[PDB]
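*Asks:* sequence below, structure please.
(chains A and B)
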Amino acid sequence: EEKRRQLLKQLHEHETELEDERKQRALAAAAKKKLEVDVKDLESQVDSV
Amino acid sequence: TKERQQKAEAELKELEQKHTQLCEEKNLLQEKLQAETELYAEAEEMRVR
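*Replies:* Numbering: from 1, shown residues only, chains lettered A, B, ... in the order given. Right below this line is the structure:
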């Protein structure tokens, strides 16, 4: 029962910690896409200029 | 009581099959949605250009 409690606690903690990392991945990907759009916009500006 | 157990386990299995199905369909629709959003962005920015 104690082994169950320990392993379950570890699983829960490691899962929530890496879920926070997954949210950081989502944020990073959003920022990446935003900057990609900015690059395309600026490239269009350079074309016209 | 054993008959009711068997029925409860059958209902449980049915719900489990539908749960994993809906989860996979959700995943596929989310992936496809992200693709269509990217395609829309690519089309619209070039439309503006």
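*Asks:* what separation do you get for residue A:22 and residue B:8?
*Replies:* Applying CB to CB, to the nearest Å, the value for residue A:22 to residue B:8 is 35 Å. All C-beta spots, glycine's among them, are computed from the backbone N, C-alpha and C.
*Asks:* spit out the contact partners of the residue positioned nearest the centre of chain B.
*Replies:* By CA atoms, centre = their mean, chain B has its centre lying nearest to residue B:26, at 1.8 Å. If you count contacts by CB atoms under 8 Å, 6 or more residues apart in numbering or on different chains, residue B:26 has none.
*Asks:* what helix or strand is it on?
*Replies:* Assigned by DSSP states H and E, residue B:26 belongs to helix B:2-48.
*Asks:* which ones are touching whichever residue of chain B sits closest to chain A?
*Replies:* Residue nearest to chain A within chain B (CB to the nearest CB): residue B:49, separated by 5.2 Å. Residue B:49 is in contact with A:44, A:47, counting by CB under 8 Å, 6+ apart.
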